[PDB]
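Taking it in order: structure first as structure tokens, then the write-up.
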Amino acid sequence: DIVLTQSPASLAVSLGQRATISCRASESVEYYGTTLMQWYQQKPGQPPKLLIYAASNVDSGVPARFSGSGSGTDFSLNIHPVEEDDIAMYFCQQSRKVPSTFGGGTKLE
Amino acid sequence: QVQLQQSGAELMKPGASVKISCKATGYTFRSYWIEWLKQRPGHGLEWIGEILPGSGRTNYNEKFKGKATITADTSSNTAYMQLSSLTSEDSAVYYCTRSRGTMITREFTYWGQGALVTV
Amino acid sequence: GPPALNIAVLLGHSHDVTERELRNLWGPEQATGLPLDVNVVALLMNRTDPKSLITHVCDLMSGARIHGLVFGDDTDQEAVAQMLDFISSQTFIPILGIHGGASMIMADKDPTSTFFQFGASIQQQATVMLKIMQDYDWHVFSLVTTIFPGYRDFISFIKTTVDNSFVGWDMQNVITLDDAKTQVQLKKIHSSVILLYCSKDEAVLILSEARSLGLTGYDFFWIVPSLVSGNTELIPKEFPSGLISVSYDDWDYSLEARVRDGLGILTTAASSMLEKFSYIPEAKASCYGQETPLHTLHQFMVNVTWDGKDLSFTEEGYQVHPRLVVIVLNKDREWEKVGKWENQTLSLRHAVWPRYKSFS
Amino acid sequence: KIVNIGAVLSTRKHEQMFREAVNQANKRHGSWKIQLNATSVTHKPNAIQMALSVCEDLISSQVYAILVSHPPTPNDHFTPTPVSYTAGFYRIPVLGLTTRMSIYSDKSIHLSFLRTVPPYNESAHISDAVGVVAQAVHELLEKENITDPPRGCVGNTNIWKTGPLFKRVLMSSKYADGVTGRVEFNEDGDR
Ligand SMILES: *[C@@H]1O[C@H](CO)[C@@H](O[C@@H]2O[C@H](CO)[C@@H](O)[C@H](O)[C@H]2NC(C)=O)[C@H](O)[C@H]1NC(C)=O
Ligand SMILES: *[C@@H]1O[C@H](CO)[C@@H](O)[C@H](O)[C@H]1NC(C)=O
Ligand SMILES: *[C@@H]1O[C@H](CO)[C@@H](O)[C@H](O)[C@H]1NC(C)=O
Ligand SMILES: *[C@@H]1O[C@H](CO)[C@@H](O)[C@H](O)[C@H]1NC(C)=O
Ligand SMILES: *[C@@H]1O[C@H](CO)[C@@H](O)[C@H](O)[C@H]1NC(C)=O
């Protein structure tokens with residue numbers, strides 16, 4: 001399979017500037033010109049929500065403050081500005097190889 | 001609109017088996033794959049298997065092979081998960097998710113509430 | 001909201017087709033009348049090997065969910081078609097061979113595969129040859145064949161088609177090769193028309209001997225199928241000026257057009273499958289491991305109409321409306337268009353055969 | 001010199017039978033002019049795995065012919081199909097040993113197929129097959145303009161130039177002192 005990794009496990013940022021999260025994979029996930037990487041948001045006690053798919057396309061019905069970019073084996077997601085939305089955990093998922101695998105999560109405060 | 005709903009909480013003296021349902025009330029139930037996931041107490045997610053109701057094909061994960069059985073009922077629009085031989089490591093929450101067949105990736109869009117089984 | 005299809009297109013490098021146009025090919029059609037949506041993944045090859053092909057297909061299957069495959073190359077072999085048939089039978093994918101070695105027709109495909117090709121069969125080639133002969137009032141002819149496979153069915157079809165007209169054919173003889181036993185056979189031919197059936201490497205020798213004995217000139221019409229006139233611009237030193245042959249249309253039928261036609265055929269077949277049973281079949285998980293008995297796309301493409309023209313197939317993998325053309329070897333020593341086959345009647349442009357002289 | 005002959009068999013003792021048959025074939029004709037060699041593998045359950053194993057194990061050794069038997073368990077009757085396709089790509093003759101099906105007699109689909117058994121004791125057919133191949137090999141190299149077979153199936157896209165010549169030499173052969181009479185082939189590689 002593909003083994004993901006997220007750093008830092010815990011992040012503490014002030015309200016207003018930005019937040020950055022990185023997720024590096026063990027193997028390349030590119031598939032003929034379309035990198036496969038998804039970002040999720042999971043409030044406590046609730047099922048997660050899809051934010052970014054294909055590592056560069058945002059999802060309709062979400063605030064524009066979320067954005068992600070990256071290619072190859074190193075990927076990142078940056079949100080700006082910081083509001084009362086970024087109080088949940090965030091994950092990264094790859095769909096290049098069956099079975100799919102998720103990250104380890106990352107909290108914010 | 002597409003909507004998914006699951007059963008309630010579970011509790012059983014160690015050694016029993018559990019069954020969980022997932023109902024669809026917004027689309028053609030026999031056209032899209034249904035996936036099952038496991039979440040432990042806040043340290044990640046896994047992937048068990050998927051079922052296509054239209055054809056009855058099933059695929060599994062080798063870690064959960066021989067432990068979870070996925071069945072479907074095309075009349076009641078219910079997807080059934082059969083866990084057997086519970087141990088102390090089976091206390092987790094499960095979700096039924098279904099994608100949208102319009103993209104090249106394999107993502108998860110619609111999520112059920114989830115049911116917490118306790119041993 | 002209906003689902004969408006994922007289609008993989010593999011094309012030869014030496015075709016002057018850019019990779020961007022493959023994924024922007026929906027623009028020219030503007031989705032046309034396609035019932036379903038298609039996501040296209042484009043891969044380019046130069047020359048295929050039995051292991052490279054398998055590796056490419058399995059790598060494609062691992063990445064996503066695949067619903068079809070359009071294959072077209074520049075290598076000229078039948079082993080590529082056999083390999084495509086094997087892969088389709090083993091992975092349950094619809095495959096279309098449109099150009100190159102894949103387009104070459106092969107009989108008796110495996111009944112559990114879903115492989116279809118863009119080409120005309122030997123029976124249809126014989127049909128158009130007989131049509132042109134009848135049109136030019138050549139009611140007397142002779143048959144000269146070799147041990148090359150297919151001669152039995154060629155002869156049988158010739159006879160069966162011959163016996164049933166308001167014309168009244170006058171077939172002469174059937175000479176078969178198995179100068180001490182074939183000298184007799186070459187001494188018993190007088191009819192101007194001579195339908196030959198062999199490979200190129202034997203046709204050159206047979207034709208040279210016939211020329212040296214006196215079977216060439218003003219009134220001696222040699223007609224050969226597409227097997228004897230294959231790769232154009234490879235004309236041997238001894239081919240008489242005035243040959244008549246049949247060949248698939250490579251002058252006005254373009255790769256951009258036939259890829260779009262294949263996409264339309266696949267989309268229509270998948271839409272028909274979804275309408276009847278509410279699921280569209282896909283390929284399995286992976287090549288490496290250890291039978292789709294419900295339904296397959298093998299029955300929903302019996303008749304398929306797309307953009308007016310009827311792109312339907314037959315029960316054996318043949319088209320119903322192949323684009324065959326008629327060619328002649330003119331004085332400048334290259335094949336030239338002389339007639340076109342369409343609908344069920346050829347259309348010649350001379351309507352009285354000019355006189356072609358051979359060998360100066 | 002060195003000539004490699006490849007086989008795809010059922011068990012591990014058939015490997016030793018093949019090895020001893022070849023070692024005899026070197027003792028019979030003579031030496032110092034041509035030698036022989038034994039390269040063999042077992043069967044594979046997955047057909048794709050079988051084709052990949054052939055392409056990466058037998059062709060890479062520059063084999064001159066491939067012998068294919070049938071597995072002990074008749075799970076599928078069309079076992080030599082991957083071998084036939086992947087070896088007829090390069091026009092390397094393949095000698096079937098036990099399969100009896102009329103489909104393989106069609107020479108338009110399968111290009112380099114022969115079988116020592118008309119399609120309507122494996123240990124015996126192994127001994128008779130090595131005799132016919134090793135007799136034509138000693139016949140063939142006496143002439144000239146003979147080029148070595150391909151090595152590997154990755155960087156090579158062309159066919160064996162003298163491959164068609166080998167089949168005609170192979171077909172036009174009579175093997176004397178056969179275990180089941182003189183092995184002779186008809187116009188389609190049958191008996
Ligand atoms: C089948 O094959 C076996 C093994 O090759 C044969 O056993 C030997 O056959 C040779 C040839 O006639 C004899 O010289 C040997 O003496 C045989 N072995 C023994 C131990 O006697 C066998 O004869 C073949 N025929 C059958 C039984 O199918
Ligand atoms: C063969 O074709 C591929 C296209 O997929 C190309 O990348 C490769 O360089 C080609 N090989 C040669 C030797 O030209
Ligand atoms: C062509 O296929 C369509 C598919 O629904 C069918 O309705 C129609 O009857 C077919 N045409 C003929 C002549 O059978
Ligand atoms: C040929 O054209 C006629 C005229 O409409 C049509 O009825 C017939 O179906 C066509 N047949 C073929 C084989 O194209
Ligand atoms: C014979 O044995 C090896 C392995 O079969 C073969 O590759 C080579 O041609 C020969 N090697 C020797 C030791 O002569």
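Letters A, B, ... go to the chains of the structure tokens in the order shown; residues in each chain start at 1; ligands are counted from 1 in the same order.
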
**OP:** Select from segment 106-227 of chain C everything DSSP, run on the backbone, classes as helix (DSSP H, G or I), then give the selection as JSON, numbers by chain.
**Re:** {"C": [122, 123, 124, 125, 126, 127, 128, 129, 130, 131, 132, 133, 134, 135, 151, 152, 153, 154, 155, 156, 157, 158, 159, 160, 161, 162, 183, 184, 185, 186, 200, 201, 202, 203, 204, 205, 206, 207, 208, 209, 210, 211, 212, 213]}

Subject >> Within 12 Å of residue 5 of chain B using only C-alpha atoms, minus same-chain residues under 5 positions, as number ranges by chain >> reply: B: 20-26, 77-79, 95-97, 110-115

Written file, previous selection with N, CA and C atoms, as a tab-separated table (two decimals), in the first residue's frame:
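Output contents, as saved in selection-v1.tsv:
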chain	number	residue	atom	x	y	z
B	20	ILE	N	-25.29	-4.42	11.12
B	20	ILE	CA	-25.53	-2.99	10.97
B	20	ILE	C	-26.16	-2.74	9.60
B	21	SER	N	-27.12	-1.83	9.55
B	21	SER	CA	-27.86	-1.52	8.34
B	21	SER	C	-27.58	-0.10	7.88
B	22	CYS	N	-27.73	0.13	6.58
B	22	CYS	CA	-27.52	1.43	5.96
B	22	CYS	C	-28.53	1.57	4.82
B	23	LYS	N	-29.38	2.59	4.89
B	23	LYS	CA	-30.50	2.74	3.97
B	23	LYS	C	-30.29	3.95	3.06
B	24	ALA	N	-30.69	3.81	1.80
B	24	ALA	CA	-30.56	4.87	0.80
B	24	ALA	C	-31.93	5.25	0.28
B	25	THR	N	-32.22	6.56	0.26
B	25	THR	CA	-33.55	7.04	-0.10
B	25	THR	C	-33.50	8.18	-1.11
B	26	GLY	N	-32.48	8.22	-1.98
B	26	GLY	CA	-32.38	9.34	-2.89
B	26	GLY	C	-31.92	9.05	-4.31
B	77	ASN	N	-33.42	-1.80	0.08
B	77	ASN	CA	-32.38	-0.79	-0.08
B	77	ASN	C	-31.52	-0.67	1.18
B	78	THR	N	-31.11	-1.82	1.71
B	78	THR	CA	-30.29	-1.88	2.91
B	78	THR	C	-29.00	-2.62	2.62
B	79	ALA	N	-27.90	-2.10	3.16
B	79	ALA	CA	-26.60	-2.75	3.11
B	79	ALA	C	-26.27	-3.31	4.49
B	95	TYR	N	-18.79	3.62	9.39
B	95	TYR	CA	-19.51	4.50	8.49
B	95	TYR	C	-19.74	3.81	7.15
B	96	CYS	N	-20.92	4.02	6.57
B	96	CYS	CA	-21.21	3.62	5.20
B	96	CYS	C	-21.14	4.85	4.31
B	97	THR	N	-20.32	4.79	3.27
B	97	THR	CA	-20.08	5.93	2.39
B	97	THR	C	-20.21	5.50	0.94
B	110	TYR	N	-20.89	11.08	0.69
B	110	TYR	CA	-22.06	11.00	1.56
B	110	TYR	C	-21.78	10.02	2.70
B	111	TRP	N	-21.96	10.50	3.93
B	111	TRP	CA	-21.59	9.76	5.13
B	111	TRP	C	-22.80	9.57	6.03
B	112	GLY	N	-22.93	8.37	6.60
B	112	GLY	CA	-23.94	8.12	7.61
B	112	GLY	C	-23.50	8.60	8.98
B	113	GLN	N	-24.43	8.49	9.93
B	113	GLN	CA	-24.15	8.96	11.29
B	113	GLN	C	-23.07	8.12	11.96
B	114	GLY	N	-23.16	6.81	11.85
B	114	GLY	CA	-22.19	5.93	12.46
B	114	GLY	C	-22.71	5.34	13.76
B	115	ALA	N	-22.31	4.09	14.02
B	115	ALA	CA	-22.81	3.33	15.16
B	115	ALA	C	-21.63	2.83	15.98

**OP:** Would you list the contacts of segment 53-61 of chain D as number ranges by chain, taking every protein, DNA or RNA residue within 7 Å and counting only C-alpha atoms, but skipping same-chain residues closer than 3 positions in sequence?
**Re:** C: 51; D: 6, 49-50, 83, 151-153

Test item: residues no farther than 7 Å from ligand 1, counting only C-alpha atoms and all ligand atoms, as a compact mmCIF listing (two decimals) with N, CA and C atoms, in the first residue's frame:
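That gives us part_34.txt:
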# COMPACT_ATOMS: atom_id res chain seq x y z
N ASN D 121 0.99 -41.16 -21.68
CA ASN D 121 2.37 -41.28 -21.22
C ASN D 121 3.17 -40.04 -21.59
N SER D 123 5.93 -39.11 -20.14
CA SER D 123 7.35 -39.42 -20.09
C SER D 123 7.88 -39.93 -21.42
N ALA D 124 7.04 -40.61 -22.21
CA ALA D 124 7.48 -41.08 -23.51
C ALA D 124 7.57 -39.95 -24.52
N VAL D 179 9.93 -44.34 -30.21
CA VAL D 179 9.29 -45.16 -29.19
C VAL D 179 7.86 -45.50 -29.58

**OP:** Using only C-alpha atoms and all ligand atoms, determine which residues fall within 8 Å of ligand 5, then list them as a PyMOL selection string.
**Re:** chain D and resi 2-4+36-39+61

Save the residues we just selected, C-alpha atoms, as a JSON list (two decimals), in the first residue's frame?
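Resulting contents of part-v7.json:
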[["chain", "number", "residue", "atom", "x", "y", "z"],
["D", 2, "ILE", "CA", 25.74, -23.67, -26.82],
["D", 3, "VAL", "CA", 22.06, -24.16, -27.67],
["D", 4, "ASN", "CA", 19.25, -23.74, -25.13],
["D", 36, "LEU", "CA", 22.64, -28.55, -25.96],
["D", 37, "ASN", "CA", 21.23, -27.16, -22.72],
["D", 38, "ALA", "CA", 18.20, -27.60, -20.47],
["D", 39, "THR", "CA", 16.14, -24.64, -19.26],
["D", 61, "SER", "CA", 17.94, -17.36, -22.29]]

Original post:
Can I get the residues close to ligand 3 as a PyMOL selection string, where close means within 10 Å and we count only C-alpha atoms and all ligand atoms?
Top reply: chain C and resi 268-269+271-273+275-276+300-305+310+312

Please save N, CA, C and O atoms of the selected residues as a PDB file, in the first residue's frame.
ATOM      1  N   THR C 268     -22.935   4.365 -26.456  1.00  0.00           N
ATOM      2  CA  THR C 268     -24.267   3.850 -26.756  1.00  0.00           C
ATOM      3  C   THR C 268     -24.473   2.463 -26.160  1.00  0.00           C
ATOM      4  O   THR C 268     -25.540   2.169 -25.600  1.00  0.00           O
ATOM      5  N   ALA C 269     -23.463   1.594 -26.263  1.00  0.00           N
ATOM      6  CA  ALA C 269     -23.587   0.258 -25.688  1.00  0.00           C
ATOM      7  C   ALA C 269     -23.764   0.320 -24.175  1.00  0.00           C
ATOM      8  O   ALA C 269     -24.608  -0.388 -23.609  1.00  0.00           O
ATOM      9  N   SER C 271     -24.971   2.840 -22.420  1.00  0.00           N
ATOM     10  CA  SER C 271     -26.285   3.399 -22.118  1.00  0.00           C
ATOM     11  C   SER C 271     -27.373   2.343 -22.256  1.00  0.00           C
ATOM     12  O   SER C 271     -28.271   2.248 -21.409  1.00  0.00           O
ATOM     13  N   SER C 272     -27.308   1.534 -23.316  1.00  0.00           N
ATOM     14  CA  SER C 272     -28.284   0.462 -23.481  1.00  0.00           C
ATOM     15  C   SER C 272     -28.190  -0.549 -22.345  1.00  0.00           C
ATOM     16  O   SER C 272     -29.215  -1.033 -21.850  1.00  0.00           O
ATOM     17  N   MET C 273     -26.968  -0.883 -21.920  1.00  0.00           N
ATOM     18  CA  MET C 273     -26.803  -1.807 -20.800  1.00  0.00           C
ATOM     19  C   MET C 273     -27.406  -1.244 -19.519  1.00  0.00           C
ATOM     20  O   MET C 273     -28.074  -1.965 -18.770  1.00  0.00           O
ATOM     21  N   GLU C 275     -29.799   0.984 -19.248  1.00  0.00           N
ATOM     22  CA  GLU C 275     -31.251   1.098 -19.350  1.00  0.00           C
ATOM     23  C   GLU C 275     -31.942  -0.209 -18.981  1.00  0.00           C
ATOM     24  O   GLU C 275     -32.962  -0.205 -18.281  1.00  0.00           O
ATOM     25  N   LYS C 276     -31.401  -1.337 -19.441  1.00  0.00           N
ATOM     26  CA  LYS C 276     -32.016  -2.630 -19.158  1.00  0.00           C
ATOM     27  C   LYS C 276     -31.799  -3.031 -17.704  1.00  0.00           C
ATOM     28  O   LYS C 276     -32.757  -3.182 -16.937  1.00  0.00           O
ATOM     29  N   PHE C 300     -25.657  -5.965 -26.397  1.00  0.00           N
ATOM     30  CA  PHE C 300     -26.266  -4.654 -26.564  1.00  0.00           C
ATOM     31  C   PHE C 300     -25.643  -3.848 -27.692  1.00  0.00           C
ATOM     32  O   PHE C 300     -26.064  -2.711 -27.926  1.00  0.00           O
ATOM     33  N   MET C 301     -24.657  -4.401 -28.393  1.00  0.00           N
ATOM     34  CA  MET C 301     -24.086  -3.768 -29.572  1.00  0.00           C
ATOM     35  C   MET C 301     -24.386  -4.567 -30.837  1.00  0.00           C
ATOM     36  O   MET C 301     -23.628  -4.518 -31.807  1.00  0.00           O
ATOM     37  N   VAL C 302     -25.490  -5.320 -30.828  1.00  0.00           N
ATOM     38  CA  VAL C 302     -25.955  -5.963 -32.051  1.00  0.00           C
ATOM     39  C   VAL C 302     -26.371  -4.913 -33.072  1.00  0.00           C
ATOM     40  O   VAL C 302     -26.040  -5.017 -34.258  1.00  0.00           O
ATOM     41  N   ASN C 303     -27.094  -3.885 -32.632  1.00  0.00           N
ATOM     42  CA  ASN C 303     -27.385  -2.732 -33.472  1.00  0.00           C
ATOM     43  C   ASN C 303     -27.153  -1.466 -32.662  1.00  0.00           C
ATOM     44  O   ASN C 303     -27.660  -1.334 -31.544  1.00  0.00           O
ATOM     45  N   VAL C 304     -26.359  -0.553 -33.218  1.00  0.00           N
ATOM     46  CA  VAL C 304     -25.991   0.696 -32.561  1.00  0.00           C
ATOM     47  C   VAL C 304     -25.977   1.785 -33.622  1.00  0.00           C
ATOM     48  O   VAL C 304     -25.149   1.748 -34.539  1.00  0.00           O
ATOM     49  N   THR C 305     -26.876   2.754 -33.502  1.00  0.00           N
ATOM     50  CA  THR C 305     -26.902   3.904 -34.393  1.00  0.00           C
ATOM     51  C   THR C 305     -26.357   5.122 -33.659  1.00  0.00           C
ATOM     52  O   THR C 305     -26.800   5.439 -32.550  1.00  0.00           O
ATOM     53  N   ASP C 310     -25.110   4.036 -39.257  1.00  0.00           N
ATOM     54  CA  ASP C 310     -25.298   2.795 -38.514  1.00  0.00           C
ATOM     55  C   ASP C 310     -23.931   2.171 -38.259  1.00  0.00           C
ATOM     56  O   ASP C 310     -23.305   1.632 -39.177  1.00  0.00           O
ATOM     57  N   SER C 312     -23.367  -0.408 -36.292  1.00  0.00           N
ATOM     58  CA  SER C 312     -23.607  -1.704 -35.680  1.00  0.00           C
ATOM     59  C   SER C 312     -22.599  -2.737 -36.170  1.00  0.00           C
ATOM     60  O   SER C 312     -21.971  -2.590 -37.221  1.00  0.00           O
TER      61      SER C 312
END
